[PDB]
């Protein structure tokens, strides 16, 4: 049980390299189950979830490994097992993405149903439903979702009840090998879905409209293989931009894709920051200024990302003025607020809305990481708080932030990873 010791009162400035997106690499890795020929992935961050995914794949018969260059080589030519075991799946709800490819290509698959989650309900009803529409027969027995289709899946129009990144990806994946044309209406538009779509296309798939609420897929016999560089992580990028915005510093994020963070960049500018976007980098200069409070309302892409909500709660807590933060995606994603309040922040919670009252300076103390995005927010808070800050259950960060210690340290942060 590791925990970070962070020394406060610091200005975070400098350069930081942005890695590939966890939420792109994950679905792409499961989508590789459809590949009949070799696959090579680059810009894949080293994260716990990637490792767990690899284990699930190997367990299905997929041969995969990361080489000395960091690239991930994957061969799914001889998959002979069709069950994503509970032992592994219980540690990563994203593995639900194993079901779609397996049924589509092998006409059978098994993945254990999701468990309870601290930030909110995470059912997969839309995933199951979408697959059934495509012709899959699904039975729920022994905690497993068991799909089976006596023949190749059948394209059709599916109108997803609500905007779901997960279900959009599952259905898109299965559609690739279905007979006929599939239309995914009211689809999520997230950049990770576009990237997964492009990945699939490189292997023969025929997907159009990815990134819009209207995705069209013309099923094909089978997918081949390819080499693909994972899309830069917009959330990691947004996080480091926040590092500068909350500390008066100036940070330059390298290897970015600015057009995936319009909502974030505009809120940062609204907060009083200057950000310049080039095709491969994004710079944020807070100008040694305290930020101005701004209202936040999370929403499906291209709106403000829920995955940046905790980071902006921190920005508003040190900003000048009152702010209204409305979380519309999940129902319990404010667990970071009490921890931040322990550090001197001020927020009043009511329903899915937090009304924050910015203060000039936070104070270091002990806090507990409750989730992925909250964990980084607490570390960042520790960087600008007076004195020392200790963050427990820091294992959460390793789920979405590659070498976060070195990267932050590279921006002037003084942080030591110790074991309690």
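Numbering follows the first chain given and starts at 1.
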- Between the two ranges 134 to 142 and 164 to 172, the one averaging a larger CA B factor in the entry: 134 to 142
- May I ask you to compare 72 to 80 and 308 to 316 by their mean CA B factor in the entry and name the higher one? 72 to 80
- 236, 339, 185, 285, ranked by C-alpha B-factor: the highest one: 285
- Per the deposited entry, the peak Cα B-factor within the set 232, 248, 115, 191 goes to 248
- Task: Just say lowest, middle or highest third for the CA B-factor of residue 397 relative to the other modelled residues in its chain.
- Result: highest
- Here the Cα B-factor of residue 326, set against its chain, lands in the third termed lowest
- Task: Could you tell me which third, lowest, middle or highest, the C-alpha B-factor of residue 108 occupies within its chain?
- Result: middle
- Query: Taking the C-alpha B-factors as the PDB entry records them, is residue 15 in the lowest, middle or highest third of its chain?
  - Reply: lowest
- Query: Mind checking which third residue 268 falls in for C-alpha B-factor across the chain?
  - Reply: lowest
